[PDB]
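Q: Going line by line, the protein sequences match chains L and H. Heads up: the first sequence begins at 989 in my numbering, then just goes up one per residue. Heads up: the second sequence begins at 6 in my numbering, then just goes up one per residue. By construction, the Cβ of each residue, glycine as well, lies at the ideal position given by its N, Cα and C atoms.
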Amino acid sequence: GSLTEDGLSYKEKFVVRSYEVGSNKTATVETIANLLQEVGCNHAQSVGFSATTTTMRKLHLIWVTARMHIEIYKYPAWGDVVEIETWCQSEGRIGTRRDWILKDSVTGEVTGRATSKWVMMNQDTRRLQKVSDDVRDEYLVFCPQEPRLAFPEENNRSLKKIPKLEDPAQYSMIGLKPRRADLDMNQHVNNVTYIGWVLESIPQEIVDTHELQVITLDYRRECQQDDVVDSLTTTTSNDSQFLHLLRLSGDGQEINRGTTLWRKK
Amino acid sequence: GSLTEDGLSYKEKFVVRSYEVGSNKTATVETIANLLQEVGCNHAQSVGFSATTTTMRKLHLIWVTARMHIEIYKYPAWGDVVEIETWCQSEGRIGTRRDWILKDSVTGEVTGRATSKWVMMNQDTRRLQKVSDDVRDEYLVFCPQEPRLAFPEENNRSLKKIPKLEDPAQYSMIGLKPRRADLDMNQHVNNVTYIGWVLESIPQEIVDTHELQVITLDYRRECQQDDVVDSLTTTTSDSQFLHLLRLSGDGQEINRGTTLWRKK
Ligand SMILES: C[C@H]1[C@H](O)CCCN1Cc1ccccc1
Ligand SMILES: C[C@H]1[C@H](O)CCCN1Cc1ccccc1
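1. For ligand 1, enumerate in chain order all residues having a CB closer than 5 angstroms to any of its heavy atoms.
2. According to DSSP, is L:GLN1192 helix, strand or coil?
3. Counting only runs of 3+ residues fully inside the region 171 to 209 of chain H, write out the beta strand (DSSP E) ranges in chain order.
4. On the three-state DSSP scale, how would you describe H:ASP142?
5. Can you check the region 55 to 96 of chain H for any alpha helix (DSSP H) of at least 4 residues that lies completely inside it and give the ranges in chain order?
6. Just tell me which of H:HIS74, H:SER28 and H:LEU64 has its CA closest to the CA of H:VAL197.
7. Return yes when at least one heavy atom of ligand 2 lies under 7 angstroms from the C-beta of H:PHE54, else no.
8. Please give the ranges of any beta strand (DSSP E) in the region 92 to 141 of chain H, keeping only runs that are unbroken, at least 3 residues long and fully inside the region.
9. Look up L:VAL1017 in the DSSP assignment and say whether it is helix, strand or coil.
10. Going along chain H in order, which residues have a C-beta closer than 7 angstroms to the C-beta of L:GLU1018?
11. Since L:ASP1227 is in the beta strand (DSSP E), which residue starts that stretch and which ends it?
12. Quick check on this structure: which residue in H:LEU40, H:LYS166, H:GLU143 and H:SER95 has the alpha carbon closest to the alpha carbon of H:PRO152?
13. In the DSSP assignment, find the beta strand (DSSP E) that holds H:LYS16 and state where it starts and stops.
14. Of the choices L:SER1104, L:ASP1068, L:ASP1121 and L:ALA1054, whose alpha-carbon is the least far from that of L:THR1095?
15. In angstroms, rounded to a whole number, what distance separates the CA positions of L:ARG1208 and L:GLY1246?
16. Indicate whether at least one CB of chain H lies closer than 8 angstroms to the CB of L:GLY1010.
17. Just the chain H side, please: which residues come within less than 7 angstroms of L:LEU1187 by C-beta, in chain order?
18. Write down the C-beta distance between H:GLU114 and H:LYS16 rounded to the nearest angstrom, noting that I regard them as a contact closer than 8 angstroms.
19. Determine whether the beta carbon atoms of H:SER55 and H:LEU8 lie at a separation below 8 angstroms.
20. Going by DSSP, what residue range makes up the beta strand (DSSP E) through L:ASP1218?
21. Any idea what DSSP makes of H:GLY45, helix, strand or coil?
22. Return the residues of the region 105 to 138 of chain H that lie within a Cβ-Cβ distance of less than 8 angstroms from chain L, sorted by chain order.
23. Check this for me: beta carbons of L:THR1222 and L:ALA1157, under 8 angstroms apart or not?
24. Suppose you measure from the CA of L:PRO1166 to the CA of L:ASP1218; what does that come to, to the nearest Å?
25. If we call anything under 8 angstroms between Cβ atoms a contact, is residue 270 of chain H one with H:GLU216?
26. Over what stretch of residues does the beta strand (DSSP E) that includes H:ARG267 continue unbroken?
27. Of the residues L:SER1011, L:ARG1114, L:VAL1129 and L:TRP1051, which one's Cα is nearest the Cα of residue 1254 of chain L?
28. From L:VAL1070 to L:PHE1002, what does the alpha carbon distance come to, in whole angstroms?
29. Tell me where the beta strand (DSSP E) around H:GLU216 begins and ends.
30. Is there a Cβ from chain H that is less than 8 angstroms from the Cβ of L:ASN1244?
31. Would you check if the distance between the CB atom of H:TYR78 and the CB atom of H:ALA32 is smaller than 8 angstroms?
32. Which residue from L:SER1228, L:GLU1059 and L:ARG1081 puts its Cα closest to that of L:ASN1144?
33. Buried or exposed: L:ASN1244, going by 16 or more other Cβ atoms within 10 Å of its Cβ?
34. At least one CB of chain L closer than 8 angstroms to the CB of H:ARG98: is that the case?
35. Please report how far the alpha carbon of H:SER23 lies from the alpha carbon of H:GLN42, in whole angstroms.
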């Protein structure tokens, strides 16, 4: 992969692997989420990151995901090349937004798009804090000045408020624990794992007869290695809508909430 | 990736991804196992497999892993290119062996090597079948005639018999269940998942202070989506461990194996 001509966005081509596909022989939504994560890491690496600025390191601050919104039109098949283009943009003192456009390398058509809201956080105390002006100036030079949105639409579902699932849930998957494969280089549970845990409570019949089109996911608290998660789901609807809730099986502490949208084949 | 000049082996270069590395910022053994699986799929695809022969489809025979042996000298770091070369060889009507050589694309040195024993079985009855001569002739043309072994040493770790762990186990990880990420395109639990489940019973203290050098794994029975696994481990010693994966319920054995670790 490489930075584009202006140096304000990054592109990368991926070949879909045999272990990355599902029952329909197309890439899973977790595989797509991993490729978005990977191209985002390479974008940071190509612009000078190790991903913290000199002020972020000085203050013990890190970038944490607060919301992930992914919309897929066509999942790449096993052996196909998928080109992902990513870029960042400042959302003032709120945080940063990172967007992605998934294209087909053969036809050039857009087969998917994603957006994410990132916030600043003290690595040691987990206290979420606003982006200071000194940190903002250090990374603004790598962002387009004019707004470039993957989801620009008058009323996009990427900015819609998600409600809390009320008990009893229609479906559930209980006793979900992470293994060493679910952790990242810093020993924290990977953000893609939460997507897989959310989808575990969707019935197998829905998966076998429908295709996942849209997935919005709010990140509230992070799951430790020694934590057990419960995935709860309820239908809220030609298409199928679901409300989701991940929570610690013990006290019932909320870690994630979200919605998925599916369509018939 | 592509077939080599003779068409008797396949090579492929992989760039280690950020999500594929562990706390030491090098590729995990499960990542390496996935890359071996991937290069093996592409080798079959490049020789005419749309992964069974015409007689295997006609009958209902599939290739099933019986044993996986992996030895790593250096794990590639995040962002490094790793070149894997794979090839097949016939082991008579007993089965088929697939070998791999992991090389560094920058220096050309061998940073790891793997071997696996594959057995034929009926997709429907799951009965371990022998390999017929008709099937043998259909794939022998893609294998070197003279033996080409990644582990040629007379009486080595890859062909050593593995004993059954006796209760009580020193360590354990219980209630392990597979999720949709653990299944493959055919809905069966991926062979790499068992490696990850075996290593779940190794204490975090051992992982944090040691590097996994050798891993041998016998595959006895498949774990279904609705099955719960128990990972049991005992030190038998560098550090040596004996492993056992079994169904949480009846205690039915699904996997047995050994790992060898080195101090950093
Ligand atoms: C930490 C990452 C995250 O992926 C999205 C938000 C910020 N980004 C850092 C970055 C990378 C390239 C250019 C400018 C800012
Ligand atoms: C199914 C696979 C398995 O991965 C290893 C054993 C057999 N192999 C098929 C193959 C591919 C290329 C050349 C000859 C035989």
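A: On the basis of the coordinates in this document:
1. In chain order, the qualifying residues are L:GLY1028, L:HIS1031, L:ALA1032, L:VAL1035, L:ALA1039, L:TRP1051, L:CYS1076, L:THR1084, L:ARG1086, L:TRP1106, L:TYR1127 and L:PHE1130.
2. Note: L:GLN1192 maps to helix in three-state DSSP.
3. Taking only runs of at least 3 residues, the beta strand (DSSP E) segments lying wholly in the region 171 to 209 of chain H are 176 to 181.
4. If DSSP states are grouped into helix, strand and coil, H:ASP142 belongs with the helices.
5. Listed in chain order, the complete alpha helix (DSSP H) runs (minimum 4 residues) inside the region 55 to 96 of chain H are 59 to 64.
6. The shortest Cα separation from H:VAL197 among H:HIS74, H:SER28 and H:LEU64 belongs to H:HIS74.
7. Look at H:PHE54: its beta carbon is less than 7 angstroms from one of the heavy atoms in ligand 2.
8. Along the length of the region 92 to 141 of chain H, whole beta strand (DSSP E) runs at least 3 residues long occupy 101 to 109 and 115 to 127, reported in chain order.
9. In this structure, DSSP gives L:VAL1017 a helical state, which the three-state scheme calls helix.
10. Chain H residues near L:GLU1018: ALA186.
11. From DSSP, the beta strand (DSSP E) with L:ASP1227 extends over 1227 to 1236.
12. Of H:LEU40, H:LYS166, H:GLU143 and H:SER95, the residue nearest in Cα terms is H:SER95.
13. Per DSSP, H:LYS16 belongs to the beta strand (DSSP E) from 15 to 20.
14. Closest option to L:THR1095, Cα to Cα, is L:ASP1068.
15. When rounded, the distance between both Cα atoms is 11 angstroms.
16. Chain H places a beta carbon closer than 8 angstroms to that of L:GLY1010, counting this residue as a contact.
17. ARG185, listed in chain order.
18. In fact, because the Cβ distance is near 16 angstroms, the residues do not count as touching under 8 angstroms.
19. No, they are not a contact pair.
20. Where L:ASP1218 is concerned, the enclosing beta strand (DSSP E) stretches over 1217 to 1223.
21. DSSP places H:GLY45 in helix when its eight states are reduced to three.
22. Near chain L, meaning a CB-to-CB distance below 8 angstroms, no residue of the region 105 to 138 of chain H qualifies.
23. The answer is yes: Cβ separation under 8 angstroms.
24. The straight-line gap from Cα to Cα measures roughly 12 angstroms.
25. Residue numbering for chain H in the displayed model covers 6 to 269; residue 270 of chain H lies beyond these limits and cannot be assessed.
26. In the DSSP assignment, H:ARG267 falls within the beta strand (DSSP E) that extends over 258 to 268.
27. Absent from the model: residue 1254 of chain L. The displayed extent of chain L is 989 to 1253, so no value can be given.
28. Each residue's alpha carbon lies about 5 angstroms from the other.
29. Following the DSSP letters along the chain, one finds H:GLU216 inside the beta strand (DSSP E) bounded by residues 215 to 224.
30. Under the 8 angstroms criterion on CB atoms, L:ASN1244 is classed as non-interfacial with respect to chain H.
31. Result no, Cβ atoms of H:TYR78 and H:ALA32 do not sit closer than 8 angstroms.
32. Minimum Cα-Cα distance from L:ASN1144 among the listed residues L:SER1228, L:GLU1059 and L:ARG1081 corresponds to L:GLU1059.
33. Looking at its Cβ environment, which holds 16 or more other Cβ atoms inside 10 Å, L:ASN1244 is buried.
34. Not closer than 8 angstroms to any Cβ of chain L, the Cβ of H:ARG98 fails to qualify, so no.
35. Looking at the two C-alpha atoms, the distance is approximately 19 angstroms.
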